[PDB]
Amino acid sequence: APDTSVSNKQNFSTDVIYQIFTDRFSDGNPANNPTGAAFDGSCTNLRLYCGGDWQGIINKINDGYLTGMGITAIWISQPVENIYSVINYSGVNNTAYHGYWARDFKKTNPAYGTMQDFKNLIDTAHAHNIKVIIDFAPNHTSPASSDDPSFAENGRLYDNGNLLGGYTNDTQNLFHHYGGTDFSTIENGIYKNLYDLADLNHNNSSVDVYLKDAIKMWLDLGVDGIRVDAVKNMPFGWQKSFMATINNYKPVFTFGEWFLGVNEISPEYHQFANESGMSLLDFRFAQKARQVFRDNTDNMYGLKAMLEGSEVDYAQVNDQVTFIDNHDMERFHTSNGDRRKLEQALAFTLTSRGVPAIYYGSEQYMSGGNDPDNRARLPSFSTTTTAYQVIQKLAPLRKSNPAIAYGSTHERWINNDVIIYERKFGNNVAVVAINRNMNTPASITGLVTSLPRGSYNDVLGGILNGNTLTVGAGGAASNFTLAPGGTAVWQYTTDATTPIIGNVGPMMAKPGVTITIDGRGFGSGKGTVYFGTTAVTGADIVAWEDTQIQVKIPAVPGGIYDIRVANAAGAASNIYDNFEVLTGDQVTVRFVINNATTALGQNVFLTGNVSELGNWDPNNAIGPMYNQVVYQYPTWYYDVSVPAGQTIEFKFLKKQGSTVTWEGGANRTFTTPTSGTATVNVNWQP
């Protein structure tokens, strides 16, 4: 089918996402509204339920509010049954309106709707070519105190009605009981509790398989994307087996939230987008967009350096979800901030690389500080605001112009307040110029672009003071003055003769899984797909057409591969690297090693004979291991995704700068379980 079908659950860079807090969007059904102290239909107390639901979203798809805007993906609040208690916190009553305090991951939150109401949402979203992404927060259940079993619902977890257990009297260790995080360390934030949320224990096999059974249930019900919550606060090894579970079952675009501060460039964050099997919410993009476009704490050079840098650091930059604000940040639009700032910042995000996500109500210039003030009910469904209009005009360019969906970003002109950048994919190009200065016009002299000769009309129709572009000989454009606050988008589209790959999804799966390669120039005749130098042709290509091919991963050795396409005429595409073929189905195993004594700067790592363990290469070893919380030094521990039901060989080692110290002895061996969890507890062999 084409790369732009609503059935393409694997790649979303042709989409624009509208992030909906279900409770604050629309109350389509008042008979499902909570009662008593859990409810506030005036929505003046923002920690209470206001009554918004799935029928209210079906209604704004149907009446065209969402479709009118060009929105093609909806990201909604976690669908799962939540705790019913009203919790008092320092006098303030609080409810589970946000969907984040779960108790049964196999049932719906009935304030949102029934199971039949979720199905009706998927079906009318799909009938209108909209994809449905759900939040999923497998890190925890609900507010709990083991000391006080009567507080809230004591973190209790049920499997489709059947109690599994609570936080007080956790004889099964379904939950972590280490106290709360102080956020000092990644380890500390993983194993300790977030605030007061009862931390699930993913190393318990019942928690492991129930959470994996539950996500399969939501995939069976037709969801197309998953935003997983607090990715920083779960074991990365467990997350990779969770990701292999959805990728080997029904791969859908999955991305996670790892929060990043203002000028924080974090290595682990990038490693996580590059290696977990899910992409990330692009906080680096988001924080620099607000520094340049909102707060003027950085300029266009900062903007350029971030777009250039991120194209290298994320192995698949076209998979990162970009945004200018969301539910954890103060709204972009301030009380005294010019609306042009919001409008340009949205235009930027809509024509930039990635998968743009728009927080509900941006188009209605909502302002408000941090939680809960950034989650007010949206004030109006006016369809004629300037912001509604810039998204209406630009969001469809992601489906029609493959340069916006998949192209590289080239800065063609710049100064402190102006950047004009070019997105290019094959022969398709889009050019956008923006002048963030609202007093001073900009004299553009010497712009050259890849546009063929012509007089390009600004796709924004002049609503942000854009203009026509007259491109002469050799893509050189005639000089113009960009208006103060001006933003213009100029574009050109054509057929590609060369295969050009713009995106592949999933990026990690075992042999036999159908991968989806999207781009242009594949031609209509079944060509060749290369995993390294292995070639799939014929029947292993389950589907071929100019924009999309679907093909089964061949039975190659686990490891990571470059993908390449050849059309039926033998012309070959660009290389799409970092594809991970897995040795098979995964299981997460805890590795505990006692008496691994280390000097300062020395850490224990794990390596082994399968690609998941680095294939005996010390540079690709699993680690640094942890040694503070679940076990303390010199015991080190780590949860590592590993091939299920196989005997693997492995050894530990210590690394200090360039020096590697392997443990002596023979190779340790271990037969992994087929499902669940396992722990290997061993002692340093000198």
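One rule holds for the numbers: they count along the sequence shown, beginning at 1.
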Inset, instruction - Output the stretch having the higher mean C-alpha B factor in the entry; the candidates are 334 to 342 and 152 to 160. - result: 334 to 342
Inset, instruction - Would you tell me which stretch averages the higher CA B-factor in the PDB entry, 583 to 591 or 566 to 574? - result: 566 to 574
Legend entry - Identity of residue with top Cα B-factor, from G623, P30, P643, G56: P30
Inset, instruction - Between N479, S279, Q548, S367, let me know which has the highest C-alpha B-factor in the entry? - result: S367
Legend entry - Among modelled residues of the same chain, the CA temperature factor third for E612: middle
Legend entry - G165 - which third its CA temperature factor falls in, relative to the rest of the chain: lowest
Legend entry - For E311, the third of its chain into which the C-alpha B factor falls: highest
Inset, instruction - State the tercile, meaning the lowest, middle or highest third, of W238 with respect to the CA B-factors recorded for its chain. - result: lowest
Inset, instruction - Check where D213 lands among this chain's C-alpha B-factors and tell me if it's the lowest, middle or highest third. - result: middle
